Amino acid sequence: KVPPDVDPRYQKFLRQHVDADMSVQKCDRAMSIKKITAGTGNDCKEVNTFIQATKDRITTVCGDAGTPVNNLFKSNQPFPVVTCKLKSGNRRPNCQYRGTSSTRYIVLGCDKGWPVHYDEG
């Protein structure tokens, strides 16, 4: 069970940042179907990364496999990611993205062992 004061944030993190089958060509449809906007309302979110891994493995960053960095937690090894960056458009549905796949040490906000935030950098 995820605690209830953590569950809303954790579910939003999964939706916005966890997708093992993501790819660079899917940025537009992923941002659209997961309804990822700039906080409340309909502006096009500028940057959003999808970590290409399972939720359980990513959650280990908040557990045994992560290290503290400031108030967040950094993976002990690179993770595969696809970053979607807004190329044009101001509000849904006109958002257009360019995707880049890369590998990097990911930094997460964690709460009671669950991931609740992704640090884009």
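In case it trips you up, residue 1 is the first one in the sequence shown, and so on.
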| query | finding |
| --- | --- |
| 1-9 versus 112-120 - which carries the larger mean C-alpha B factor in the record | 1-9 |
| Of 84-92 and 26-34, the stretch whose C-alpha atoms average the higher B-factor in the entry | 84-92 |
| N48, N42, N71, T60, ranked by C-alpha B-factor: the highest one | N42 |
| Third of the chain, ranked by Cα B-factor, where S101 sits | highest |
